[PDB]
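Novice: Input: one structure, supplied below.
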Amino acid sequence: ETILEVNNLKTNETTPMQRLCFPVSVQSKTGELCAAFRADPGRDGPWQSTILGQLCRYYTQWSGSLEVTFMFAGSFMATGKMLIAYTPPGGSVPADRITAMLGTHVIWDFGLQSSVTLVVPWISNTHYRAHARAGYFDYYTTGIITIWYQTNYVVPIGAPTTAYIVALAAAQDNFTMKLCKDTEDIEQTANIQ
Amino acid sequence: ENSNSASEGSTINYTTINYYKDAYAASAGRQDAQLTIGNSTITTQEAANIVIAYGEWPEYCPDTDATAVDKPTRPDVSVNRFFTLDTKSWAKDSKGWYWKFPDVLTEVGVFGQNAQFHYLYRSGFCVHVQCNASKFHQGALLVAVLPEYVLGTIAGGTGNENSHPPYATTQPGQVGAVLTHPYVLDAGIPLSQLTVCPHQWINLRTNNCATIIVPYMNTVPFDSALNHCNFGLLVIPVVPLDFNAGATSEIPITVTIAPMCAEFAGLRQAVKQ
Amino acid sequence: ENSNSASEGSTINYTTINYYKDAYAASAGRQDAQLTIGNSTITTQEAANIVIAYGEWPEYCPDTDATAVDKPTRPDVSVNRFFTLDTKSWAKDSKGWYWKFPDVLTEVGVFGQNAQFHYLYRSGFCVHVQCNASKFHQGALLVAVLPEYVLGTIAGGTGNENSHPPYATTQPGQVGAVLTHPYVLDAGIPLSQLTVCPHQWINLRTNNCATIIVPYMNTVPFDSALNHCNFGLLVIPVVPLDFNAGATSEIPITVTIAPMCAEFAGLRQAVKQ
């Protein structure tokens with residue numbers, strides 16, 4: 001289980017440590033979207049920081065059920081529940097929460113459990129799956145993982161009004177790979193002296 | 001003597017005198033774990049014992065009670081799952097909220113499109129009320145289930161005018177509606193006795209969640225989903241939430257319900273209302 | 001030696017020499033009633049023997065061939081029934097008509113709304129072609145089923161221009177479309193050899209109906225209903241209808257199709273196209 005980077009921005013490149021956590025704060029409106037990212041591990045994005053992502057670059061086709069674990073680093077007096085959903089391919093990011101309930105979602109509470117394990121099921125029109133990218137190969141798109149405020153993030157007097165959640169990702173027992181391949185990440189432009 | 005009386009269906013026998021051929025003309029007579037998952041859904045609601053309404057789990061229709069000749073449809077996975085409705089916000093001036101079932105789910109999901117294509121309807125429901133507050137807050141909610149909840153009006157306040165509730169009041173939808181007179185429940189019936197119906201108290205110093213398993217309660221095996229609303233859901237705070245300044249002022253309430261064992265019959269063209 | 005070759009799934013064994021550890025590097029080797037009712041529907045189509053395509057009845061997906069972890073939905077009654085599409089009209093200048101499946105049923109009925117809510121798709125189909133004429137008429141039709149029927153263009157007629165068929169041509173809907181070059185089937189393939197695929201002749205002096213039971217034919221157990229069209233339906237008159245003046249000039253053609261053993265998976269939000 002290695003740290004998945006959900007927060008990756010163009011303003012975080014100067015301070016790379018801000019990239020491992022995404023904030024959670026009290027909201028004025030209920031049902032606001034917090035984080036959304038694609039579930040394809042071998043694709044440019046959040047999944048490149050995962051040891052699974054770097055080992056899925058050496059292999060083209062991959063099939064199996066993944067898992068994405070979240071961890072709440074906030075205080076002990078912080079209470080709230082957030083919806084964590086997975087949308088099968090063919091849609092965009094769900095506009096509101098009423099469209100994100102129709103997928104496979106889990107309800108997870110801060111004040112009770114400090115960690116949640118979301119199991120992304122294997123839904124595919126093929127036994128295996130190649131690495132999806134822009135243009136013509138996007139037909140392998142895995143889905144979209146979203147995180148929604150369900151109730152709110154409630155804080156008492158004296159505790160901080162902000163909180164940070166760390167994302168963690170791994171693979172299940174049935175995850176397999178094949179068709180070994182060169183990797184895109186490493187680049188040698190000059191002789192090593 | 002064949003029994004044409006009205007008690008024939010019961011398993012209890014009485015001693016009753018009859019001077020005629022019809023048994024209904026006789027006298028009265030002397031008497032002798034877990035991780036709840038609908039299909040793909042999960043909630044956190046804890047723990048252990050939850051309220052089964054009237055001690056019966058939602059089940060299918062027995063072959064003895066069903067007069068419909070056609071074979072009903074049972075979309076197990078696509079129908080029965082947790083549906084999260086719109087969130088509310090608790091305020092110090094708040095009164096209550098009431099939802100009608102199965103009004104809220106007619107516009108949502110596959111369950112909504114099958115209720116439109118099909119004439120009859122049968123299902124059980126699972127109600128989950130969701131509220132979160134810190135250990136410095138305080139308050140109490142009452143979550144009740146009232147079979148056949150009528151909405152009465154104020155008769156203009158003089159009592160001499162005949163007024164009926166509009167369609168928007170009796171068919172709220174997934175957005176619910178607010179009660180203007182919680183004490184009489186806008187039915188003319190007291191709130192103090194509301195706990196006779198299945199209920200759970202949400203007390204902010206004990207439990208943050210409530211769960212009520214509601215079976216299918218009707219005089220007929222199958223019913224129409226669009227016309228007839230079975231039971232209401234009342235969330236009425238008995239004790240107002242009170243918090244000192246500086247804490248979180250917005251305390252939301254979320255209602256996540258799921259159908260259980262839904263049977264549909266009488267396929268036809270799409271009918272909205 | 002574990003078999004990594006491409007023939008491992010077959011039940012036929014060959015004698016093949018291999019000098020390496022991988023079996024795919026080996027040599028080629030030497031070789032060794034009725035009254036059809038879907039749920040509630042009836043047709044009249046007669047009689048006795050009808051064409052089963054490739055000698056296989058539509059069935060569910062075996063547990064060995066299904067990689068989907070989720071449990072599929074099987075709305076037996078609401079999905080599988082006869083659906084009557086729009087009627088055509090035969091004319092002496094007519095050429096042909098082609099329908100794409102399951103394009104026609106995506107907008108119709110419960111089957112259409114489930115294909116929108118669900119990602120994957122599997123079903124078998126039952127095609128019924130309907131044509132009526134008196135004993136004084138004459139003519140012949142050819143009803144064929146072509147798995148993976150591509151639509152080629154004329155390349156502008158010079159052949160040097162690259163042109164692709166529009167979305168309205170490749171996704172006709174329940175209204176079908178007409179062929180501008182029946183001889184090449186607009187695929188570049190002859191009409192004379194069209195009977196290699198499952199076919200039935202409708203001859204006005206013999207039979208007024210045609211029925212083709214089509215199984216699910218794809219390289220994958222489940223497929224997407226919106227993107228991928230499985231097979232086409234071609235009704236091309238080989239012999240033009242000819243009738244003397246005074247008879248009925250309008251001879252309609254009706255296509256009534258039904259799905260068989262439809263499984264849906266991957267529930268999601270509504271997606272039109």
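By order in the structure tokens, chains are A, B, ...; within a chain, residues start at 1; ligands start at 1, following the order shown.
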So which residues touch residue 111 in chain C within 12 Å, counting only C-alpha atoms, skipping near sequence neighbours fewer than 6 positions away, as a ChimeraX atom specification?
Specialist: /B:110,113-114,117 /C:73-83,102-105,117-118,121-123,225,258-264
Novice: Write out as an MDAnalysis selection string the residues lying within 6 Å of range 63-77 of chain A, counting only C-alpha atoms and excluding same-chain residues fewer than 3 positions away.
Specialist: chainID A and resid 114:122 128:129 163:172 174:176
Novice: Keeping C-alpha atoms for every residue in the selection just given, could you write it to a file as a PDB file, in the first residue's frame?
Specialist:
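Printed below is selection37.pdb as written:
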```pdb
ATOM      1  CA  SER A 114      -9.848   6.410  10.578  1.00  0.00           C
ATOM      2  CA  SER A 115      -9.395   4.398   7.362  1.00  0.00           C
ATOM      3  CA  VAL A 116     -11.601   3.058   4.571  1.00  0.00           C
ATOM      4  CA  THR A 117     -10.876   0.493   1.856  1.00  0.00           C
ATOM      5  CA  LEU A 118     -12.694   1.057  -1.435  1.00  0.00           C
ATOM      6  CA  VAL A 119     -12.531  -1.958  -3.744  1.00  0.00           C
ATOM      7  CA  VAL A 120     -12.737  -0.923  -7.389  1.00  0.00           C
ATOM      8  CA  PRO A 121     -14.481  -3.897  -9.027  1.00  0.00           C
ATOM      9  CA  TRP A 122     -13.334  -5.281 -12.350  1.00  0.00           C
ATOM     10  CA  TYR A 128      -7.449  -7.988 -20.060  1.00  0.00           C
ATOM     11  CA  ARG A 129      -7.026  -4.235 -20.428  1.00  0.00           C
ATOM     12  CA  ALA A 163      -8.096  18.604   7.776  1.00  0.00           C
ATOM     13  CA  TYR A 164      -5.944  16.563   5.410  1.00  0.00           C
ATOM     14  CA  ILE A 165      -6.680  13.115   3.963  1.00  0.00           C
ATOM     15  CA  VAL A 166      -3.902  10.878   2.624  1.00  0.00           C
ATOM     16  CA  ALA A 167      -4.732   8.527  -0.246  1.00  0.00           C
ATOM     17  CA  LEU A 168      -3.306   5.010  -0.436  1.00  0.00           C
ATOM     18  CA  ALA A 169      -3.585   2.499  -3.271  1.00  0.00           C
ATOM     19  CA  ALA A 170      -2.722  -1.166  -3.748  1.00  0.00           C
ATOM     20  CA  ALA A 171      -3.841  -4.258  -5.658  1.00  0.00           C
ATOM     21  CA  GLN A 172      -5.946  -7.282  -4.749  1.00  0.00           C
ATOM     22  CA  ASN A 174      -6.341 -11.471  -8.537  1.00  0.00           C
ATOM     23  CA  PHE A 175      -4.401  -8.579 -10.106  1.00  0.00           C
ATOM     24  CA  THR A 176      -2.275  -9.765 -13.038  1.00  0.00           C
TER      25      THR A 176
END
```
Novice: List the spatial neighbours of residue 100 in chain A as number ranges by chain - criterion: any atom at most 12 Å away, only C-alpha atoms, same-chain residues fewer than 4 positions off excluded.
Specialist: A: 31-33, 36, 83-88, 91-96, 104-106, 144-150; B: 41, 82-85, 108-109; C: 267-270
Novice: For the residues in the current selection, export N, CA and C atoms as a tab-separated table (two decimals), in the first residue's frame.
Specialist:
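Now in part31.tsv:
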```tsv
chain	number	residue	atom	x	y	z
A	31	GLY	N	-22.92	18.87	-0.13
A	31	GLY	CA	-22.78	18.09	-1.33
A	31	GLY	C	-21.70	18.54	-2.28
A	32	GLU	N	-20.77	19.38	-1.82
A	32	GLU	CA	-19.73	19.90	-2.70
A	32	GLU	C	-18.72	18.81	-3.03
A	33	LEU	N	-18.24	18.82	-4.27
A	33	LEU	CA	-17.25	17.86	-4.71
A	33	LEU	C	-15.88	18.22	-4.15
A	36	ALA	N	-11.67	14.26	-7.54
A	36	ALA	CA	-12.03	13.34	-8.60
A	36	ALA	C	-10.79	13.01	-9.42
A	83	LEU	N	-19.06	10.63	1.06
A	83	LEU	CA	-19.39	9.58	0.11
A	83	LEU	C	-18.22	9.37	-0.84
A	84	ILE	N	-17.87	8.11	-1.08
A	84	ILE	CA	-16.76	7.75	-1.95
A	84	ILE	C	-17.30	6.81	-3.02
A	85	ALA	N	-17.28	7.24	-4.27
A	85	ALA	CA	-17.98	6.56	-5.34
A	85	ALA	C	-17.04	6.17	-6.48
A	86	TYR	N	-17.51	5.23	-7.29
A	86	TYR	CA	-16.82	4.78	-8.49
A	86	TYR	C	-17.82	4.70	-9.63
A	87	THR	N	-17.52	5.38	-10.74
A	87	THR	CA	-18.42	5.45	-11.87
A	87	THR	C	-17.88	4.62	-13.02
A	88	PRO	N	-18.63	3.66	-13.53
A	88	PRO	CA	-18.19	2.89	-14.70
A	88	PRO	C	-17.98	3.80	-15.90
A	91	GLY	N	-19.31	7.94	-18.78
A	91	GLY	CA	-19.74	9.22	-18.28
A	91	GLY	C	-18.56	10.15	-18.02
A	92	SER	N	-18.89	11.41	-17.77
A	92	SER	CA	-17.92	12.39	-17.32
A	92	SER	C	-17.93	12.42	-15.79
A	93	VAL	N	-17.25	13.40	-15.20
A	93	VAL	CA	-17.35	13.56	-13.75
A	93	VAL	C	-18.79	13.90	-13.39
A	94	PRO	N	-19.42	13.18	-12.47
A	94	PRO	CA	-20.82	13.47	-12.14
A	94	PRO	C	-21.00	14.91	-11.68
A	95	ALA	N	-22.02	15.57	-12.24
A	95	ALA	CA	-22.21	16.99	-11.97
A	95	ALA	C	-22.52	17.25	-10.50
A	96	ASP	N	-23.44	16.48	-9.92
A	96	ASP	CA	-23.79	16.60	-8.52
A	96	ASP	C	-23.82	15.22	-7.89
A	104	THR	N	-21.06	2.55	-7.73
A	104	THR	CA	-20.71	1.77	-6.55
A	104	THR	C	-20.05	2.70	-5.54
A	105	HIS	N	-20.75	3.00	-4.45
A	105	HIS	CA	-20.26	3.97	-3.49
A	105	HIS	C	-20.19	3.35	-2.11
A	106	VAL	N	-19.42	3.99	-1.23
A	106	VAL	CA	-19.30	3.59	0.16
A	106	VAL	C	-19.44	4.83	1.03
A	144	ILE	N	-14.02	6.69	-13.06
A	144	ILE	CA	-13.76	7.94	-12.34
A	144	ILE	C	-14.08	7.73	-10.87
A	145	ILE	N	-13.12	8.02	-10.00
A	145	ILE	CA	-13.29	7.89	-8.56
A	145	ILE	C	-13.48	9.29	-7.98
A	146	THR	N	-14.62	9.50	-7.32
A	146	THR	CA	-14.96	10.80	-6.76
A	146	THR	C	-15.16	10.68	-5.25
A	147	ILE	N	-14.98	11.81	-4.57
A	147	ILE	CA	-15.19	11.91	-3.13
A	147	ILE	C	-16.09	13.11	-2.88
A	148	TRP	N	-17.19	12.89	-2.18
A	148	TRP	CA	-18.22	13.90	-1.97
A	148	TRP	C	-18.45	14.12	-0.48
A	149	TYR	N	-18.67	15.37	-0.09
A	149	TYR	CA	-19.20	15.63	1.24
A	149	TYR	C	-20.64	15.15	1.31
A	150	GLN	N	-20.94	14.29	2.27
A	150	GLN	CA	-22.32	13.85	2.41
A	150	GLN	C	-23.03	14.76	3.40
B	41	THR	N	-23.33	-1.05	-2.38
B	41	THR	CA	-23.42	0.14	-1.54
B	41	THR	C	-22.86	-0.24	-0.19
B	82	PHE	N	-28.63	1.46	-1.86
B	82	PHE	CA	-28.75	2.71	-1.10
B	82	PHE	C	-28.85	3.90	-2.04
B	83	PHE	N	-29.88	4.72	-1.85
B	83	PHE	CA	-30.09	5.96	-2.59
B	83	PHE	C	-29.99	7.13	-1.62
B	84	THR	N	-29.01	8.00	-1.84
B	84	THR	CA	-28.81	9.18	-1.00
B	84	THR	C	-29.62	10.34	-1.56
B	85	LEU	N	-30.55	10.86	-0.76
B	85	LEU	CA	-31.41	11.94	-1.19
B	85	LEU	C	-30.75	13.28	-0.86
B	108	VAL	N	-35.69	8.75	-9.73
B	108	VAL	CA	-34.28	8.44	-9.52
B	108	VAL	C	-34.00	7.00	-9.93
B	109	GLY	N	-33.06	6.82	-10.85
B	109	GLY	CA	-32.49	5.52	-11.13
B	109	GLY	C	-33.39	4.58	-11.91
C	267	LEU	N	-23.74	-0.84	-13.48
C	267	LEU	CA	-24.72	0.21	-13.28
C	267	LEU	C	-24.04	1.56	-13.07
C	268	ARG	N	-24.59	2.60	-13.69
C	268	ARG	CA	-24.00	3.93	-13.67
C	268	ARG	C	-25.12	4.95	-13.89
C	269	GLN	N	-24.72	6.20	-14.10
C	269	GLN	CA	-25.66	7.25	-14.44
C	269	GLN	C	-26.15	7.10	-15.88
C	270	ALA	N	-27.28	7.74	-16.17
C	270	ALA	CA	-27.86	7.69	-17.50
C	270	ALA	C	-26.91	8.30	-18.53
```
Novice: Counting only C-alpha atoms, which residues from chain C have an atom at most 9 Å from any atom of chain A, and could you show them as a list in words?
Specialist: residues 65, 66, 67, 68, 69, 70, 117, 118, 119, 120, 121, 219, 220, 221, 222, 223, 224, 265, 266, 267, 268, 269, 270, 271 and 273 of chain C
Novice: Which distance in Å separates CA of residue 58 in chain A and CA of residue 5 in chain A, to one decimal?
Specialist: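 Separation between CA of residue 58 in chain A and CA of residue 5 in chain A: 20.5 Å.
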Novice: Could you list, as a ChimeraX atom specification, every residue within 10 Å of range 244-254 of chain C, counting only C-alpha atoms and ignoring same-chain residues fewer than 2 positions away?
Specialist: /C:84-92,128-134,136-137,209,235,241-242,256-257
Novice: So, counting only C-alpha atoms, which residue among C:182, C:232, C:55, C:215 is closest to residue 149 in chain C?
Specialist: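 Result for the nearest residue to residue 149 in chain C: C:232.
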Novice: Which is closer to chain B than all the others in C:53, C:177, C:115, C:184, using only C-alpha atoms?
Specialist: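 With only C-alpha atoms as the atom set, the closest residue is C:115.
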Novice: DSSP on the backbone, strand (DSSP E or B) only: what residues of range 22-253 of chain B does that give? Format it as number ranges by chain.
Specialist: B: 30, 51-52, 73, 83-84, 88-90, 97-101, 118-131, 140-147, 177-178, 199-203, 209-214, 223-224, 231-239, 251-253
Novice: When you draw a straight line from CA of residue 98 in chain B to CA of residue 236 in chain B, how long is it in Å?
Specialist: 8.7 Å
Novice: Which residues come within 12 Å of residue 237 in chain C, counting only C-alpha atoms, excluding same-chain residues fewer than 6 positions away, as a PyMOL selection string?
Specialist: chain C and resi 90-97+131+138-144+179+182-183+191+200-204+253
Novice: Between B:1, B:16, B:159, B:39, which has the minimum distance to chain C (counting only C-alpha atoms)?
Specialist: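 Distance minimum relative to chain C lands on B:39.
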Novice: Would you please give, as a VMD selection string, all residues of range 56-254 of chain B that DSSP assigns to helix (DSSP H, G or I) based on the backbone?
Specialist: chain B and resid 76 to 79 109 to 117 155 to 157 167 to 170 194 to 196
Novice: May I have the selected residues written with N, CA and C atoms, as an mmCIF file, in the first residue's frame?
Specialist:
```cif
data_model
loop_
_atom_site.group_PDB
_atom_site.id
_atom_site.type_symbol
_atom_site.label_atom_id
_atom_site.label_comp_id
_atom_site.auth_asym_id
_atom_site.auth_seq_id
_atom_site.Cartn_x
_atom_site.Cartn_y
_atom_site.Cartn_z
ATOM 1 N N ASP B 76 -33.198 -7.510 -9.127
ATOM 2 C CA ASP B 76 -32.610 -7.531 -7.792
ATOM 3 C C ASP B 76 -31.514 -6.481 -7.636
ATOM 4 N N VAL B 77 -30.533 -6.487 -8.538
ATOM 5 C CA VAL B 77 -29.344 -5.661 -8.335
ATOM 6 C C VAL B 77 -29.631 -4.202 -8.667
ATOM 7 N N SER B 78 -30.289 -3.952 -9.800
ATOM 8 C CA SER B 78 -30.450 -2.580 -10.271
ATOM 9 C C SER B 78 -31.417 -1.794 -9.393
ATOM 10 N N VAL B 79 -32.404 -2.468 -8.810
ATOM 11 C CA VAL B 79 -33.392 -1.784 -7.979
ATOM 12 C C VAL B 79 -32.849 -1.538 -6.580
ATOM 13 N N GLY B 109 -33.062 6.821 -10.851
ATOM 14 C CA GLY B 109 -32.486 5.521 -11.128
ATOM 15 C C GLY B 109 -33.389 4.579 -11.906
ATOM 16 N N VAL B 110 -32.940 3.321 -11.964
ATOM 17 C CA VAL B 110 -33.716 2.277 -12.623
ATOM 18 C C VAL B 110 -35.019 2.029 -11.880
ATOM 19 N N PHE B 111 -35.006 2.166 -10.552
ATOM 20 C CA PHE B 111 -36.233 2.005 -9.780
ATOM 21 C C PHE B 111 -37.289 3.011 -10.212
ATOM 22 N N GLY B 112 -36.862 4.207 -10.613
ATOM 23 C CA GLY B 112 -37.817 5.208 -11.050
ATOM 24 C C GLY B 112 -38.395 4.910 -12.418
ATOM 25 N N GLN B 113 -37.578 4.368 -13.322
ATOM 26 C CA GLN B 113 -38.060 4.110 -14.674
ATOM 27 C C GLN B 113 -38.904 2.846 -14.748
ATOM 28 N N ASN B 114 -38.708 1.904 -13.827
ATOM 29 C CA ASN B 114 -39.558 0.720 -13.820
ATOM 30 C C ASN B 114 -40.927 1.020 -13.226
ATOM 31 N N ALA B 115 -40.983 1.879 -12.206
ATOM 32 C CA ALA B 115 -42.270 2.276 -11.650
ATOM 33 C C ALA B 115 -43.111 3.042 -12.658
ATOM 34 N N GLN B 116 -42.478 3.666 -13.652
ATOM 35 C CA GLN B 116 -43.223 4.354 -14.697
ATOM 36 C C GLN B 116 -43.739 3.381 -15.750
ATOM 37 N N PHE B 117 -42.908 2.421 -16.160
ATOM 38 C CA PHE B 117 -43.325 1.442 -17.157
ATOM 39 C C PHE B 117 -44.304 0.418 -16.604
ATOM 40 N N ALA B 155 -57.883 24.675 7.757
ATOM 41 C CA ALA B 155 -59.256 25.107 7.498
ATOM 42 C C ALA B 155 -59.386 26.627 7.575
ATOM 43 N N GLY B 156 -58.344 27.331 7.139
ATOM 44 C CA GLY B 156 -58.323 28.778 7.170
ATOM 45 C C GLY B 156 -58.152 29.394 8.538
ATOM 46 N N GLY B 157 -58.146 28.594 9.601
ATOM 47 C CA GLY B 157 -58.015 29.086 10.950
ATOM 48 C C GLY B 157 -59.322 29.422 11.633
ATOM 49 N N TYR B 167 -51.040 19.616 -4.559
ATOM 50 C CA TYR B 167 -50.273 18.476 -5.049
ATOM 51 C C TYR B 167 -48.814 18.558 -4.626
ATOM 52 N N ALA B 168 -48.264 19.769 -4.517
ATOM 53 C CA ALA B 168 -46.871 19.911 -4.113
ATOM 54 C C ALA B 168 -46.666 19.543 -2.650
ATOM 55 N N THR B 169 -47.709 19.667 -1.830
ATOM 56 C CA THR B 169 -47.601 19.313 -0.419
ATOM 57 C C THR B 169 -47.694 17.808 -0.211
ATOM 58 N N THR B 170 -48.603 17.145 -0.920
ATOM 59 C CA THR B 170 -48.814 15.715 -0.761
ATOM 60 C C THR B 170 -47.881 14.866 -1.614
ATOM 61 N N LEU B 194 -46.341 9.918 19.039
ATOM 62 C CA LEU B 194 -45.798 9.506 17.750
ATOM 63 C C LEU B 194 -44.964 8.240 17.870
ATOM 64 N N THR B 195 -44.419 7.968 19.055
ATOM 65 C CA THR B 195 -43.539 6.821 19.235
ATOM 66 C C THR B 195 -44.277 5.489 19.205
ATOM 67 N N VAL B 196 -45.610 5.495 19.145
ATOM 68 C CA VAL B 196 -46.345 4.247 18.954
ATOM 69 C C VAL B 196 -45.928 3.589 17.646
#
```
Novice: Suppose you want the space between CA of residue 135 in chain A and CA of residue 41 in chain A; what is it in Å?
Specialist: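 For CA of residue 135 in chain A relative to CA of residue 41 in chain A, the distance reads 17.5 Å.
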Novice: Env of residue 47 in chain A: 9 Å cut, atoms = only C-alpha atoms, seq-sep filter 5 positions within chain, self excluded. Answer as a compact mmCIF listing (two decimals) with C-alpha atoms, in the first residue's frame.
Specialist:
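Result file follows (selection24.txt):
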```txt
# COMPACT_ATOMS: atom_id res chain seq x y z
CA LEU A 4 -1.48 7.86 -4.08
CA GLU A 5 -1.27 11.55 -4.99
CA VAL A 6 -4.78 12.89 -5.50
CA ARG A 38 -9.29 8.46 -13.05
CA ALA A 39 -8.89 4.87 -11.90
CA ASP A 40 -6.51 3.68 -14.63
CA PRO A 41 -3.19 2.92 -12.90
CA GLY A 42 -1.01 2.90 -16.02
CA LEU A 52 1.85 -0.32 -8.74
CA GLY A 53 1.92 2.47 -11.31
CA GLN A 54 5.66 2.24 -11.91
CA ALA A 169 -3.59 2.50 -3.27
```
